[PDB]
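So the chains spell out like this:
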Amino acid sequence: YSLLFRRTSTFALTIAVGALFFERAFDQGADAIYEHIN
Amino acid sequence: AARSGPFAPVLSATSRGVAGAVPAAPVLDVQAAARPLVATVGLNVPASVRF
Amino acid sequence: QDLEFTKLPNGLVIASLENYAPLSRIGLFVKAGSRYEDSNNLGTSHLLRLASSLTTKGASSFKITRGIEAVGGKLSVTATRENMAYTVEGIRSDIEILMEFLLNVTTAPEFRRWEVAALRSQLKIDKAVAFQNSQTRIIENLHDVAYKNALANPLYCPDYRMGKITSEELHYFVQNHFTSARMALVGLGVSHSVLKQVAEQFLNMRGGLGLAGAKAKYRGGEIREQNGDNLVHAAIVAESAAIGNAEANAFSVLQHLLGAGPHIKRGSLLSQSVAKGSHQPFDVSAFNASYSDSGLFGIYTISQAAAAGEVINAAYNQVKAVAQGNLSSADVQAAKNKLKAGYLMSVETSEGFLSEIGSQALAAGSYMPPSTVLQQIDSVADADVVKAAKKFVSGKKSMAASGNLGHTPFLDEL
Amino acid sequence: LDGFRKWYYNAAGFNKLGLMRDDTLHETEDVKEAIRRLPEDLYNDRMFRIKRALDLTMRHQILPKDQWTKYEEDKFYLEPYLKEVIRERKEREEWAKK
Amino acid sequence: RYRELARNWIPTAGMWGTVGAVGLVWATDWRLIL
Amino acid sequence: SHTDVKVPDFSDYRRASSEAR
Amino acid sequence: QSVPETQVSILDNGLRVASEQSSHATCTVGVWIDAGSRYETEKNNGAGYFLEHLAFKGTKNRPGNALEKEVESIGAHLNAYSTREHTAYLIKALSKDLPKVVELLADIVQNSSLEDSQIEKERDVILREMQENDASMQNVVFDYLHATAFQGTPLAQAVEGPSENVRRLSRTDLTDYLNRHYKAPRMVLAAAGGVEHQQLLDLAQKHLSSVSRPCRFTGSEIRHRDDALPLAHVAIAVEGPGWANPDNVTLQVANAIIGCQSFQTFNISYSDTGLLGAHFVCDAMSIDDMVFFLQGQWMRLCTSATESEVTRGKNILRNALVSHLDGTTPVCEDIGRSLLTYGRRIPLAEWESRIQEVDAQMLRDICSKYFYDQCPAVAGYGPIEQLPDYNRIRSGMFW
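Residues numbered from 1 in each chain as written, not as in the entry; some residues may be left out. Chains lettered and ligands numbered in written order. Part of a larger assembly, values for the part shown. Heavy atoms only, no water.

- For this deposited structure, the header cites cryo-EM as the method used and 3.6 Å as the resolution.

So this is what it looks like as C-alpha cells:
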C-alpha cells in the first residue's frame, strides 16, 4: 500500500511492470500444462 | 458599550467586509380615491379591485 | 501607557496605546451613521458599510482583499445609528500596509457603478440574514415608530431602495460626512507618531465639518407585526436622556436594577414580578439606547402569545413601583456593581477597548479613564434612579410588537 | 499619419456600415467584461449599431454615404473601460505568480 | 510559486512516462528497446 | 431529536492495518 | 511579546491550580474537569448535561436561588459548558471578588445539592429543548458526523444523550457521575486576568482542598434525508491526529489554506483521536459540485502546495490561536484546556516556533498522511439526494 497503493501513479507502474512479466510466465506455465495434457 | 448591556448586537451592525444560513430569501399585467374597498372575484370574470 | 489622545488641528482625534502587543488593532471612527440620511437616500449607509472592499484610489479590490488575507489581518466595519468604525488588526510587522489599506478605504473610494451593482444582491442577502431573528426586526420597528426623522432611519436598507442606490449617492454621503472634524483614528499596539504621519498622508485632506444632521424628534406610537411566530416579542420605550448627562448614568443604573441580561447561564425586579404570576417561559429585560441628542429607555419582553398581555402589564407595573420610590439601597448598590463590572468586562478585551476609546473620541474628544467612570456611576444615587423611572412611566411610549398579537395589549390599555 | 489612418479607415469599411472601431472588437473574455460594464446607453446604442450592420450585410448593402461614420467622429466608447479589464486581469495574474 | 508547482510534478510526470514506457516496451514487445 | 437512536450495528459486516486492508 | 507566563501551582488533591495574571481588572475563574460524554457508559448518557443544569440550582450552603443571587449580586457572569471530554464552570467577575468567585466555585464542584424537585424540572427543560434542539441543523450534522465516525465507541454518543436516558435518570445516578468523575487529580482551577497566583493558591487551599482523590474511527456514512428543509448541511471528516500530536499544527495551517456556501473547516481533537474536515451548507442542486470542489482542494494541498499560500495560512493561524489579552474568559478557557489536555500551558512563543517551522513540503507530507486515500465519515441532512454516495466520495479522496 505504501509503495504501489498510495497514489495512482505508483499503482500504474506496478501494473505495467507486473503485466510485463505475467505474460511470459503465464505462457510458460501453459506450456507445461498444455504439454502435460498432451 | 456600557449602554449596550445585552442589546449590543441589536443596536449595532457589523459587516464582515473581508472576514442558520440565509433560507433562500411576481410580475402581473398592470387617480380616484376614497371609495371603501370591495374585492370581487368570479368563476369566469377576472377578479378586480373596486378601491 | 495612557492613551495619548491628541487632536490634530483639522479635528481628527488621534489616540494610541503602545501595549507592545503581539497583535495590534487600528480603527477609524466617523460620525456617519444611518441618522444622517433623509428620505431620498435611505439605505446608503448600509451599502457604504458593505462596500469596504471596493476599488480605491491607490489599491484595487483584488489588491485590498489579497493583501489583507496575505498577512492574515482582519478588516471589519461596525455601524450604529450615529457612528461608523472601520477596524483593521494584525501583526505589528504588517500594520503599515494595513493602515495603507484602511486609510485608502476611508479617504479615497472610487465607487464604480458595476461594483455597487454587484453589491446590491449582497445587500439583500445581508438584510435577510440580519432579520432572521425577531429582536432585530422589533428594534428597527421600535426606532421607526419612536422617532420622526433622524433616529427612525433603519440600519438596513429598505426593500424598495435595493436597485436604486447609485454611485453618486455614496459619493455625496462620503463627501458630506467623511470629513476630518468628525473622525478619530485610534490605535492599540502602535506608536502615536505613526498614527499622525498616516493622519497627514491621509485624513487631513477632507477637512470640513461636513453636513450637519437634523435633530431627532420623538413621535410615539406602536407598530405591530402579526407573523405567526411561536413567541411574542414586544418593546415598549419612552424618551430618555442623551449622551453627556448624569441622567444617562441614572438610566443605566435603572436598567441594571430592573434587569439587563442573565449573569447565570439559563437564567431582576422585572423577572421576579413576572415569575410570581406566570409559569410560562419568558424573557423580560430593560432596554436602553442613548445617542448624542436623544435616548430610548423601556422594557423588552418575549413571552408566549397567550400570556403576552399580563406579563407585559406585570413588567410595566414593576417599573411603576420604582416610580413610586419602592426600592432598597442594597438593590441600587448591586445594580451599580453590575453596571461597573459590565463596563470593565466590556473594556477588558482589545477590540472593545479600541471601540471605547474611539467612541469617547468622537463623542467628547477626551478619554475618560475607567477609574473616572467608576466614581461617576457611583455619583448616581437612589433618587436619581427613581427620577429616570418616572420619566419612562410618564413620557409618551413607543411600542413595537411582533408575533401572534391576539392577546397583546395596546398603549391606551397598557 | 492621419492620412494613412483615415485612408485605412475608409478601406476597412467598418465605417460604411455605421460601426465605430469598438463595435468591431471580437468578444474575447475581456472584451465581454468591458461590454457589460458599459453604461446602459452606450450598450443599447452599441446594440442598434450592430443590429443595423447585420441587417445591411444581409442585403449585401451599405448605408448611404452621408450616414457613414467619420474618422473624426468615431469615438472609442469601450477603450477606457477595456484597459481596466486588462489591467485588473494582469494584476491578478502577477499576483498568481507571487 | 509556479516553480514549486513544476517541481512537484517533474518526478511524478517521469513516473507516469515510465509507467507507460514499461508497458510500452512490453506492448511493443520490442526486444530492441528494453 | 437526533440522538435517541444510534448507528445500527454493522458488526456482522464489519471486518473486525488499514494500510493492509 | 513579554507574555505573562502561566504560573501553575499544584495542590494535594491535585487541583493543579493555575493562573495568568493580567492587567485587566475583571477576571475569569473557572474549574475544568476531565469528564464528558466519553466517560459515560450508555446507562448514564446524559448525566453530565443534567448535572450541568442542576449545578446552579442551589447547594446546601446556597439553597434555592442563593447561588444565582449572590453571583448575581457580586455582578459576575456565571457560565458552564460540557463537551465530549471536558466540563467547565467559570465565573467572570471583578478581580477583587476572587474570594467569593472561588468559594462559590467550590460549592459548585462539591457540596452541590441535587434537589429531586429541581431534578424533575431540569429533566423537562432538557427534554423539551431537545425536542427543539433539532432546529440546530448544524449541531445535528455534527452529532452524527460523530455517531457514524465513532460507531460502537463512547465517542459516538452525544453530550445531551438520548431522550430515553434523560427521562430515566435519578439523583443517585447523578450522584455517582458526580462522585466518580469529579476527582481532584482530574481538576484544574484556572484564573486569568487581574489575579495574584499566591492569593489564588491560598484560596484553593482554603476552599476546594476537599475534592476527593480503544476509541476508533470508522469510515462510514449517515444520510438523514428530509426533502422539506430548504438547505442541506454536509460534513466530511477523516481521523484527526489528536490533541497531543505535533502534526496538529501543520494541519491547522492546512485549514487556514482552505478557510459553495458556509464552507467552514474544523479540526476537532479528543484524546489521541479527532475529526478533521469540512462542513458546508448548500442548496441541494449544488451539493455534488461543492463536494467535488472541496475534494480537489484537499488534494491541492496534498500534492501542490505553495510557499506563498502556506504563508497566508501561517499568518492567519498566527493572528489566531493567540488567546492573549483576547479577554479573561478566552484566556482562562485556554488555560483550562491546556492543563486538562497537554498537562501544561503552551506559551504563544512555542506556538510561534511550531508555526514558523512549518513549510510547504511537510504540509503536503502531513496532508498526504491524513487526507490522501483515507475513508471519510459523511453526515448529510436535508435535500441530499444529489449528495454522492460513498464510492464517489471514496474515489474523490484520491487522484
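From this point, things continue past the structure.
**Things to note about the overall build of chain G**
- In terms of helices and strands, chain G carries 15 helices and 11 strands.
- Scaling as 2.2 N^0.38, a compact globule of 399 residues should have a C-alpha radius of gyration of about 21 Å, and chain G matches this with 22 Å.
- With respect to the three principal axes, the spread of C-alpha positions in chain G is 65 × 50 × 35 Å.
- When each of the 399 residues of chain G is scored for burial, the buried share is 61%.
- Split by element, the accessible area of chain G, about 15,100 Å² in all, is 50% carbon and sulfur.
- Side chains of chain G give 37 positive and 51 negative charges; the mean places of these two sets differ by 4 Å. (Helix = DSSP H or I, 4+ residues; strand = E, 2+ residues; numbered from the N terminus. Rg over C-alpha atoms; globule rule 2.2 N^0.38 Å. Buried < 20%, exposed > 50% of the residue type's maximum accessible area, 1.4 Å probe, protein only. Areas by Shrake-Rupley, 256 points an atom, 1.4 Å probe, with all protein chains shown as cover. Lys, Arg positive; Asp, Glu negative; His and termini not counted. Charge placed at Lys NZ, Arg CZ, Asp CG, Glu CD.)

**A look at the sheet that holds strand β3 (residues 23-30) of chain C**
- Strand order in the open sheet formed by seven strands is β1(B)-β4(C)-β5(C)-β3(C)-β6(C)-β2(C)-β1(C), and the pairing between neighbours is mixed. Unpaired on one side and paired on the other, β1 (13-18) of chain B together with β1 (6-7) of chain C mark the two borders of the sheet.
- Note: β1 of chain B against strand β4 (residues 74-79) of chain C, four bridges, orientation antiparallel. What sits directly across from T14 of chain B, in β4 of chain C, is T78 of chain C. (Pairing = 2+ DSSP bridges.)

**Considering the state of the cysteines**
All names here are of chain G.
- Taken as a whole and assessed by the stated rule, the structure comprises one disulfide over all chains.
- Sulfur-sulfur distance for the disulfide between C260 and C282 comes to 2.0 Å. Its S-S torsion of approximately -140° makes the covalent link between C260 and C282 left-handed. Of this pair, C260 sits in the loop between α9 (248-258) and β9 (264-270) while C282 sits in strand β10 (residues 273-282), and the two are 22 residues apart along the sequence.
- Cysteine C215 shares no disulfide, and the gap to the nearest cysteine sulfur, in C375, comes to 18 Å.
- On the basis of relative accessibility, which here comes to 28%, the residue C215 falls in the partly exposed class.
- Unpaired in this structure, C367 has its nearest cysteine sulfur neighbour in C302, at a distance of 5.2 Å. (Disulfide = S-S within 2.5 Å.)

**With respect to helix α10 (residues 308-323) of chain C**
All names here are of chain C.
- For α10, built from 16 residues, the straight-helix expectation of 22 Å at 1.5 Å per residue is met to within 8% by its first-to-last C-alpha distance of 23 Å.
- Summarising burial for α10: 12 of the 16 residues are buried, a large majority.
- All buried positions along α10 are accounted for by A308, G309, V311, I312, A314, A315, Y316, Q318, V319, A321, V322 and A323.
- Once α10 finishes, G325 follows within two positions and takes phi at roughly 85°, a positive value. (Expected span 1.5 Å × (residues − 1).)

**Observations regarding the arrangement of the chains**
- Taken together, the 10 pairs of chains in contact show their highest number of contacts between chains C and G.
- Taking C-alpha atoms only, the smallest gap left between chain B and chain E, which are not in contact, amounts to 24 Å.
- There is a gap between chain C and chain F: no contact, and a shortest C-alpha distance of 19 Å. (Contact = heavy atoms within 4.5 Å.)

**Thoughts on the interface of chain D and chain C**
- Each partner contributes to the interface: chain D provides 10 residues, whereas chain C provides nine residues.
- Between chain D and chain C the total buried area reaches about 790 Å² when both faces are included, carbon and sulfur atoms providing 56% of it.
- Its largest share of buried area at the contact with chain C, chain D owes to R37, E91 and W95 of chain D, together 59% of the area lost on that side.
- Where chain D touches chain C, the interface holds five residue pairs in polar contact.
- At the level of elements, α2 (29-37) and α4 (79-97) of chain D are the ones that each hand at least two residues to the side of chain D that touches chain C.
- No other element matches α4 of chain D, which puts six residues into the side of chain D that touches chain C.
- Of the residues in the side of chain D that touches chain C, the class split is four nonpolar, no polar and six charged. (Buried area = accessible area lost by both parts, 1.4 Å probe. Polar contact = N/O pair within 3.5 Å; in protein donor to acceptor, adjacent residues only side chain to side chain. Nonpolar A, V, L, I, M, F, W, Y, C, P; charged D, E, K, R; others polar.)

**Considerations on the sheet that holds strand β11 (residues 377-382) of chain G**
All names here are of chain G.
- Pairing is mixed in the open sheet, where five strands are placed in the order β7-β11-β8-β10-β9. Two strands lie at the open edges of the sheet, namely β7 (221-225) and β9, each paired on one side alone. Recorded for the sheet is a direction-independent mean angle of 15° between the axes of neighbouring strands.
- Summarising the sheet, β7 and β11 pair through five bridges and their orientation is parallel. In the strand pairing of β11, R223 is matched with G380.
- Sheet contacts for α9: β9 and β10; angle to β9, the most-contacted strand, approximately 165°.
- Across the face of the sheet, helix α10 (residues 287-303) comes into contact with β8 (232-239) and β10 while running at roughly 140° to β10. (Axes fitted to C-alpha atoms, helices over the stretch in contact; angles between N-to-C directions.)

**Some points on the pairing of strand β6 (residues 187-193) of chain G**
Residue and element names in this part refer to chain G.
- Along β6, seven of the seven residues are buried, which leaves the element largely enclosed by surrounding structure.
- In this structure, strand β2 (residues 18-21) lies alongside β6, joined through four bridges in parallel fashion. Of the residues in β6, the one forming a bridge with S19 is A191.

**Regarding the packing of aromatic side chains**
- Enumeration according to the criterion identifies 22 aromatic pairs over all chains in this entry.
- Measuring from ring centre to ring centre gives 5.6 Å for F5 of chain A and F11 of chain A, while their planes differ by 55°; the resulting arrangement is tilted.
- Judged by centre distance (4.7 Å) and plane angle (25°), the rings of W298 of chain G and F371 of chain G are stacked. Linking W298 of chain G in helix α10 with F371 of chain G in the loop between α14 (360-370) and β11, this pair joins segments that are 73 residues apart in sequence.
- Sitting over the ring of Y372 of chain G, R7 of chain A keeps its end group 5.4 Å from the ring centre.
- The ring centre of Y370 of chain G lies 4.5 Å from the NZ or CZ of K369 of chain G, which sits over that ring. (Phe/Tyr/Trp six-rings, centres within 6.5 Å; stacked < 30°, edge-to-face > 60°. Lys NZ or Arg CZ within 6 Å of the ring centre and 35° of its normal.)

**Comments concerning unusual backbone geometry**
Residues and elements named next belong to chain G.
- One non-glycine residue with positive phi stands out, namely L208, at about 75°.
- By secondary structure assignment, the location of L208 is in the loop between α8 (197-206) and β7.
- Owing to a relative accessible area of 2%, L208 belongs among the buried residues under this scheme.
- We note that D272 has phi near 40°; this positive angle belongs to a residue other than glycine.
- Residue class for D272 comes out exposed when judged on its relative accessible area of 56%.

**Comments concerning a nonpolar patch on the surface**
Residues and elements named next belong to chain A.
- A cluster of nonpolar residues, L3, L4, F5, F11 and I15, forms a patch on the protein surface that exposes about 470 Å² of accessible area.
- Turning to its location among the elements, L4 is positioned in the segment before α1 (8-37).
- Judged by relative accessible area, which is 31%, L4 ranks as partly exposed. (Patch = residues over 30% accessible without salt bridge, like charges linked within 9 Å, V, L, I, M, F, W, Y side chains within 5 Å. Salt bridge = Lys/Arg side-chain N within 4 Å of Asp/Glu carboxyl O.)

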